[PDB]
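In structure tokens, the next block holds one chain alone, the form deposited in one PDB entry.
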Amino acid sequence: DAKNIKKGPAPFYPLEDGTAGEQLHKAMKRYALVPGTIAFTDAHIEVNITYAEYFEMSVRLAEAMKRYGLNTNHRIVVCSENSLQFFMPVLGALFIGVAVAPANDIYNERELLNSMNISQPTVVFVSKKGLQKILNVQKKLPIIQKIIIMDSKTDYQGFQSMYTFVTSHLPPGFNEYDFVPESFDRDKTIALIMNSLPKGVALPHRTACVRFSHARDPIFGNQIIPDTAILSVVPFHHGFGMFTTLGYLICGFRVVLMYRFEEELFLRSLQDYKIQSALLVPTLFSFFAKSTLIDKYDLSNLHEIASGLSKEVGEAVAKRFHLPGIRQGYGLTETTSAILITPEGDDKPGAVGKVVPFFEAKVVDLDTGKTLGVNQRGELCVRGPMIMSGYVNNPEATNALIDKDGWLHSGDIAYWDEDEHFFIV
């Protein structure tokens, strides 16, 4: 009964060929050519980094990693609080088909070990404040040959920074603008290994490329407008943070970051950076339903607040911020990014929105498995090319989640309405 399978429409702009590395390289190269185009802004220290800086350093890291001997048989871990440097090794690795495993930077040694025992990285990039945990983990995982320091210019405590690592490995006369990223099979080559005990979620490059179609979609993403700035407190190592940010880079936006929440810094940043869009994890929505300080800031450039909710809290937050509603999205680590998203300007309080392009969604009767019609409640199941290739070295868990037909069973109860909006119950 195809009428009861909700399908995404055609993408505004058709799905681009190329790896995720190649598409990020191509977009970023263009922005790099316009001086002063801002990529990231650290709200705490107030430092800006431009696309030219970001592009050049990413390309230098890609080439240095290649000369060091990394290739598609290798993985790297990136372990760090949100920062200006976080995406440099992520981009450099995607440029060369090296899989990236973000490790949650508040994981202790035990959680870290389990994460990295699944990802098995050869090189670990880490912030200064994570160095000790990584040193303690390296002891039990000798596969880690090299630790590189992210937020340092010079060597740090006997370890190379990203800058001196690059200098150690670049050929003479290296040209960042002549560099060409690696081409490979984007379905077979893993881009990201995300954590979901925790398991490892393998995401081929293909899932990111589809995300980049959604990201710049005027209905399912953000329209590419100049001088667009986003404020993001979301962890970069979590799919919500990872896949929104990569998409913002494709778009040329200014990504203003915070690595720890504070009420004044956050509202003052919205005001002073004239933020157009803001990202909140769910507990920060409850937080701003309680806030009264919002009223004291000029938030007239704010177009949207995006949520990775209860209909009550979302309604209150929208009102406090003087917005028509909340831009909700629903996704799992296992689906790369959001597979249901509030279509631009067509929000419904309490809905998670509509099926994104390339995807499909249904709800099924709980004890049965039978597909259901409008306004009927059952388990949400989704099918599309952003679904993980699988949990790493764990086929039983993978087969328990995704059926022989490619349907991923979300575990959540939902229903969809006559306009094809989904509601999670």
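Here, rigid core means the biggest group of C-alpha atoms that superpose within 1.5 Å across both forms. Residue numbers run from 1 along the displayed sequence.
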| item | value |
| --- | --- |
| Missing residues, deposited sequence, between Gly308 and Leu309 (class: none, 1 to 3, 4 to 9, 10 or more) | 1 to 3 |
| Chain break class for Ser196 to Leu197, judged by how many deposited residues have no coordinates | 4 to 9 |
| Stretch with the greater mean C-alpha B-factor as recorded in the entry, comparing 364-372 against 29-37 | 364-372 |
| Of 241-249 and 133-141, the stretch whose C-alpha atoms average the higher B-factor in the entry | 133-141 |
| Maximum C-alpha temperature factor, selected from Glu334, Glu81, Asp185, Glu312 | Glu312 |
| Candidate residues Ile147, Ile224, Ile118, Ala99, the one whose C-alpha B factor the record puts highest | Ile224 |
| For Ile294, the third of its chain into which the C-alpha B factor falls | middle |
| Where the record places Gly21 (Cα B-factor, split into thirds across the chain) | lowest |
| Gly384 by Cα B-factor - lowest, middle or highest third of the modelled chain | middle |
| Entry-reported Cα temperature factor of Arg377, expressed as the chain third it lands in | highest |
| Third of the chain, ranked by Cα B-factor, where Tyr391 sits | highest |
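This protein has a second form, the form deposited in another entry, left out of what is shown; the following refers to that one.
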| property | result |
| --- | --- |
| Candidates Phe240, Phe288, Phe159, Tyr163 - which moves between this form and the one not shown, C-alpha at least 2 Å, core fixed | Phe288 |
